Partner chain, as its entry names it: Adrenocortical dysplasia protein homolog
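Single chain ahead, by itself, as structure tokens, in the form deposited without the partner chain.
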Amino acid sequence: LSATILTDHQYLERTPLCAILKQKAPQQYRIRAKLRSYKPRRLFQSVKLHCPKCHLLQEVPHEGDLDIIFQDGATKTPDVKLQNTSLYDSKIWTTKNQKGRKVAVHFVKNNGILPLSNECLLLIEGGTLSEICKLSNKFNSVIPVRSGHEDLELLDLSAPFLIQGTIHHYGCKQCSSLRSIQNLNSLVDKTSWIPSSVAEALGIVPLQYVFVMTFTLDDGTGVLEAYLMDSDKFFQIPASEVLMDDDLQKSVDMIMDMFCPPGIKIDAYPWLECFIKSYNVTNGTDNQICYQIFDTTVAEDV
């Protein structure tokens, strides 16, 4: 049987890769081919961030640069910005003999009351990623802020606008337009702060984590390179969660080994049945035919 199966377009007749390569674009094809190689090799440099509106793809920041951005924006001491108005209560920490600091934690309310804090939002100021990542596994969500002129403002959108357990929510830099922090009040779903709600309440275009790979497929009649911009449905594993998980990070590697394990014969590889949409693409200034994999997922049992 095939290692991949189509989730749609099962009515189509399979096209040989040699026939696909001469045709013009766009079209759509059903294929049954083998995976020779793929890119990238390490299945942590494949995860990217794509704006849904402007369609730009860019890299996921490694945790070191977030601490860089944190300390650069995190100021020294606030004055009036503390336990203020009808939004948050905020008692601050201190630090002695650990080189000194005053990290600030701000607890946003729920129609005046403070609810089951597994639905509670935090406005940390002056903290570090590891400290934040430990405050995100128990609390609902924490978003980094810094003391602006007279109002707490989010950091640069190169930093995540929302930390929610094992998911780091990023927005688009030029597509989004940061609004005031006070707009978190006008949030209808006051119990659960859905990431899109706080993004809309602040004017942020949320980027989604995606698997960005490139497959080299060969059915025997020809060799063809196919793209893959999977959210969650190809590996049946959600791409915004692989980077902070071991078993999620353990299965995608196992899946690609089930597809092509380097060491055995090629005719011992399992067949891959996918659906592809070809289309015309420019690179620098040269039109090219690109192939993307759609409506395809892993087979029954690994």
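Positions refer to the first chain, counted from 1. The term rigid core refers to the most C-alpha atoms you can superpose between the two forms while keeping them within 1.5 Å.
Omitted here: the form deposited with the partner chain bound. The next part is about that form.
- The partner chain in the bound PDB entry is not approached by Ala33, whose heavy atoms all lie more than 4.5 angstroms from it.
- Contact check for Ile255: no non-hydrogen atom falls within 4.5 Å of the partner chain in the bound PDB entry.
- Put simply, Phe139 is close to the partner chain in the bound PDB entry: some heavy atom of it is within 4.5 Å.
- In the bound PDB entry, none of the heavy atoms of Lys233 sits within 4.5 Å of a heavy atom of the partner chain.
- Proximity of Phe44, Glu131 and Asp245 to the partner chain in the bound PDB entry is complete: all three residues have a non-hydrogen atom within 4.5 angstroms.
- Only one of 144 to 152, 187 to 195, 157 to 165, 122 to 130 places residue heavy atoms within 4.5 angstroms of the partner chain in the bound PDB entry, namely 122 to 130.
- The residue among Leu82, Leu135, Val223, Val212 whose Cα moves by 2 angstroms or more between the shown form and the other one, once the core is superposed, is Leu82.
- Superposition of the core reveals a Cα shift of 2 Å or more for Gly73 between the shown form and the other one.
- If you fit the rigid core between the shown form and the other one, you'll see the Cα of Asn280 move by less than 2 angstroms.
- In the bound PDB entry, the CA atoms of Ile204 and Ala74 sit farther apart than in the displayed form, by at least 3 angstroms.
- Annotation for the pair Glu153/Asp79: C-alpha atoms approach each other in the bound PDB entry, by 3 Å or more compared with this form.
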